[PDB]
Amino acid sequence: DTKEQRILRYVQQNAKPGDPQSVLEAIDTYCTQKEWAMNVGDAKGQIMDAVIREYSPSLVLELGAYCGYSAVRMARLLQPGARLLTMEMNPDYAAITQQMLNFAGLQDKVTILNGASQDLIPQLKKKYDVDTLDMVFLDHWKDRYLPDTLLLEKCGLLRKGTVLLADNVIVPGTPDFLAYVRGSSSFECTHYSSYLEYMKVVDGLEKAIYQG
Ligand SMILES: Nc1ncnc2c1ncn2[C@@H]1O[C@H](/C=C/CNC(=O)c2cc([N+](=O)[O-])cc(O)c2O)[C@@H](O)[C@H]1O
Ligand SMILES: [Mg+2]
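Residues numbered from 1 in each chain as written, not as in the entry; some residues may be left out. Chains lettered and ligands numbered in written order. Heavy atoms only, no water.

What the entry reports as its method is X-ray crystallography, with 2.63 Å given for the resolution.

The structure is reproduced here in structure tokens:
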């Protein structure tokens, strides 16, 4: 019994089917009063929701799905036609995520890509019918943030105005990524201080908008 599939079941036993909102609340309560998990959470989630609404992106790239929590948070707010692509290298995780989405009825807007970002990213354009991303949400291995950003930029997936939202910029932390993005003239950055999911520890999200 996986701690991951543990949650997947809880949602199936407590979430109002086809109701993204309910799913999110099920996942959060479980991780709050029982086992802890690396879900962005509701605090940072609300910032996500706010940023997403502002930019109302057409094409959004998620790096690291885990249990699909943020994939649901993001997809439930997508306008008709908008598609969300989420890369997950762990087959067990990409599995739970897919169900998580199917249960929220959000499955028609999300295309899950099982594999490692560094490998999948350069295949993105031709194999998935993609030109440029409108938004990118980074939440996978912390040492992968910078390399994938340089990778994303090399494959011409970044466009003037593309929005990069990054989680855990303070904890666990992503020094190199932050340093690179805030010092680069190709990125206009803004910080949004919040709290690490399920507990009161300072951590924030970083928005880095690509300028060209
Ligand atoms: N190169 C790659 N391509 C595709 N998928 C990949 C990938 N590298 C990792 N993944 C997947 O993304 C998730 C990684 C989460 C790391 N976050 C964390 O380690 C983390 C830790 C805390 N924390 O300590 O509180 C809080 C957080 O919000 C966190 O996201 C895992 O499900 C992993 O399988
Ligand atoms: Mg995270």
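Regarding the sheet that holds strand β2 (residues 83-88)
Within a beta sheet, neighbouring strands are joined by backbone hydrogen bonds and run either parallel or antiparallel to one another. The sheet built from seven strands is open, its strands ordered β3-β2-β1-β4-β5-β7-β6 with mixed pairing. Edge positions in the open sheet fall to β3 (110-114) and β6 (187-195), since each of these has one partner strand only. Here the strands of the sheet are splayed against their neighbours by 15° on average, with no regard to which way each runs. Strand direction decides the pairing type here: β6 and strand β7 (residues 202-210), joined by nine bridges, are antiparallel. Within the sheet, the bridge partner assigned to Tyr195 lies in β7 and is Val202. (Pairing = 2+ DSSP bridges. Helix = DSSP H or I, 4+ residues; strand = E, 2+ residues; numbered from the N terminus. Axes fitted to C-alpha atoms, helices over the stretch in contact; angles between N-to-C directions.)

A closer look at the site of ligand 1
Among the 23 residues in the neighbourhood of ligand 1, the closest are listed as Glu88, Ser117, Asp139, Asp167 and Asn168. Between a nitrogen atom of ligand 1 and a side-chain N or O atom of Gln118, the distance comes to 3.2 Å. A distance of 3.0 Å is found between an oxygen atom of ligand 1 and a side-chain nitrogen or oxygen belonging to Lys142. Expressed as a share of its isolated accessible area of 700 Å², the protein-covered part of ligand 1 is 90%. Within the residue set of the shell around ligand 1, elements represented by two or more residues are β2 and α6 (117-120). (Near = heavy atom within 4 Å. Polar contact = N/O pair within 3.5 Å; in protein donor to acceptor, adjacent residues only side chain to side chain. Areas by Shrake-Rupley, 256 points an atom, 1.4 Å probe, with all protein chains shown as cover.)

Some remarks on the pattern of salt bridges
For the coordinates displayed, the defined rule picks out 15 salt bridges. Salt-bridge contacts for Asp49 lead to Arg73; the nearest nitrogen and oxygen are separated by 2.7 Å. Of the two residues, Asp49 sits in helix α3 (residues 41-55) while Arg73 sits in helix α4 (residues 69-75), which places them 24 residues apart along the sequence. Of the two residues, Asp49 and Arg73, both sit in the buried class. In this structure, the salt-bridge partner of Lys125 is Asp131, at a minimum N-O distance of 3.4 Å. (Salt bridge = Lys/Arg side-chain N within 4 Å of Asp/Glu carboxyl O. Buried < 20%, exposed > 50% of the residue type's maximum accessible area, 1.4 Å probe, protein only.)

Regarding the UniProt feature "binding site: substrate" in the protein
Mapped onto this numbering, the UniProt entry gives "binding site: substrate" at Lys142, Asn168 and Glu197. Residue position: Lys142 is located in the loop between β4 (135-138) and α8 (145-154). With near-sequence residues (within four places) excluded, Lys142 lies in contact with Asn168, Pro172, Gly173 and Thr174. There is a polar contact of 3.4 Å between the side chain of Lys142 and the side chain of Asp139. In this structure, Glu197 sits in the loop between β6 and β7. A relative accessible area of 4% places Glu197 in the buried class. Excluding residues that lie within four positions of it along the chain, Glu197 makes contacts with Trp36, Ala37, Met38, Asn39, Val40, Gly41, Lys44 and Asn168. (UniProt positions renumbered as here; feature names shortened; annotations may be inferred. Contact = heavy atoms within 4.5 Å.)

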